[PDB]
Every structure is written in C-alpha cells, then in structure tokens.
C-alpha cells in the first residue's frame, strides 16, 4: 500500500554528498536562506529518484512514498539525545539537510509556533518519564493512529520521516479509509460536519521550552481545545475520500448520536486494517496525511544512547493556503 524506491550505492552517495555540501554552506536547515534554496538544490539529486518522486506523488492509490538505502554511520552520528531540545547534533546535521532536500521535491516545509519551539525539522525520540504520554516521545504506550495536526485546517499534506536509527525495528503504523466496509449511511454521516477534533498534547505549553510558554499562539490552541467547531471526517470523492481524524482527540458533536455511532464504527474499522511499516536506519518515508492516518507501536525504551530516533518534517503543497496562521513568520504557524 506504499510506493517504494531503493537507491543504488552511486545514487545514495551522490545524495549524501549533496546534503553534506548544503550542511557546509548553510548555517541551519530552518533558516530562511536554506528554506528558499532547498527546492532548487534538490533538482541536483539523482535523476531516477526525481522521476520516482514526481510519479509517486501523482499516483492516486499509495498511502506513502518510501526511499530506502541512505547510509547512516552510527559512530559519526553519535548517541541518541535525551530530549529534542538538545537533538541538533553535528552527527545528525547532514541527515537533517538530506531530509529537507527530499521534502523539497514534494512541497513546502513548515512548523508550528506551539510544537518543539517552532522548529521546522523536528525530532521523534523517547523521553525519560514520558513513556505513557500521547505524544511522539512516548514509548511503552503505543502512539494511537491519527492525522497529523488533525485539529488544524493547515495540517500537512505529507509527513516526512527519516530514520537515523531504529535498531530494534519498531514499526510505524498506517491505515487508509476502510472503504470496503463502510456502508453508505455511515459514509454519509462521516462526510457531514458533525465531529470535534481537538489539538493533540504536542501543542501544550508544558511540552515546549519554559522560555516559550508566554507565546501568544498557545491562546489559539486553548480556543481550539475549549471550543472546537464541528467538522467532517471525510471529504472529496466518495470512492476515494480524504481523511481527517485523531483516535485520541476526536469526538462527536454534542448530543449527536448518529455521528457518535459513525465515529465508533470508523475507529473499529481502522483498528482492524492498521498495518506496519518498519523504517530501518536510513529509510525515508513521506506519509500521505490526506489518504492515511499513522502511529507507532509500543516499545521498551533503552535510554542507553542508542534509542530509535527520527527526524521529521511537515510538508504542504501550498504555503499560501495557511496565511491566516502565519505567526510573524510564514514557516511557523499559529494564531491568537
């Protein structure tokens, strides 16, 4: 259910060399300079890869695009960080650039004023004490399936994930719309504006740095949590709908029994068709955030310097779609 590409050694080396050159020339990934240049620099990537990315993006069926075979030297990389705050290590630097280059073939990258201090290139890694939270730094508790930033109309079209390391093979989970089992009445209800989708816990003040707690954009998160507006779960074509739902943060509209039954049914059908995608070291996946929901299986964290670690990036097909949420910065979204 995903499109797959495997780099040849020559292609992988060329891509790595390009990223390393970018890392030498630009101060950081999230600076305005590299954000503007990356989409043009990505034109220098191996031709066969560019062809795959162009064609896979135009395909109507896949839930994700996967590129296998980027080399990652664990010794050069260094230890997995204890927190995302300290995670921009020299060892991971070139791979962050590589991820942004691939992302540049698919769309415009952005972040959130209220998640990981407004960073564009973010980190997924287990944090000690947060094993049973509902955020991506969980471990022992399975990360429930969701549309990334399901609450927001400016959520990504694609979610990019590059696996820096994953020694114990922990699976990302994926599921599409369970179209073979949804009856037309239930389908009809899911297409109607009868559902509440609150922001997930990654947007909470306590999950950002103490110096950021005063940011005005947290007010907008509070309003979305306190007073969510009724929206549809399914949109577009009835035979190939787009999907907007979060398994832990969605609810029916108040007193709406038909919507409740429809959401209950959907949960059950998504649970039943959830499948696994293991991102091994050096794998990059771009998950279609409109066709599919995703999560991550429960795992026992190591906390020994070699924990599973991904770089992550939100991607949109059109940055100008979200101008209302441009928070004094077009690549960092949030509202009063």
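Numbering follows the first chain given and starts at 1.
Q: In the PDB record, does 219 to 227 or 193 to 201 carry the higher mean Cα temperature factor?
A: It is 219 to 227 that shows the higher mean C-alpha B-factor.
Q: Give the stretch, out of 44 to 52 and 286 to 294, with the larger mean C-alpha temperature factor in the deposited entry.
A: Taking the mean C-alpha B-factor of 44 to 52 and of 286 to 294, the larger value falls to 44 to 52.
Q: Quick one: which of 106, 239, 266, 233 has the biggest Cα B-factor according to the entry?
A: Largest recorded C-alpha B-factor: 239.
Q: Among the chain's modelled residues, which third holds the C-alpha B-factor of residue 165?
A: Lowest third of the chain for residue 165's C-alpha B-factor.
Q: When the modelled residues of the chain are sorted by Cα temperature factor, does residue 133 land in the lowest, middle or highest third?
A: According to the entry, residue 133 has a C-alpha B-factor in the chain's middle third.
Q: Going by what the PDB entry lists, where does residue 85 fall on CA B-factor within its chain: lowest, middle or highest third?
A: CA B-factor rank for residue 85: highest third.
Q: Using only modelled residues of the chain, where does the Cα B factor of residue 33 rank: lowest third, middle third or highest third?
A: Highest third.
Q: Is residue 141 in the lowest, middle or highest third of its chain when residues are ranked by C-alpha B-factor?
A: Answer is middle: the recorded C-alpha B-factor places it there.
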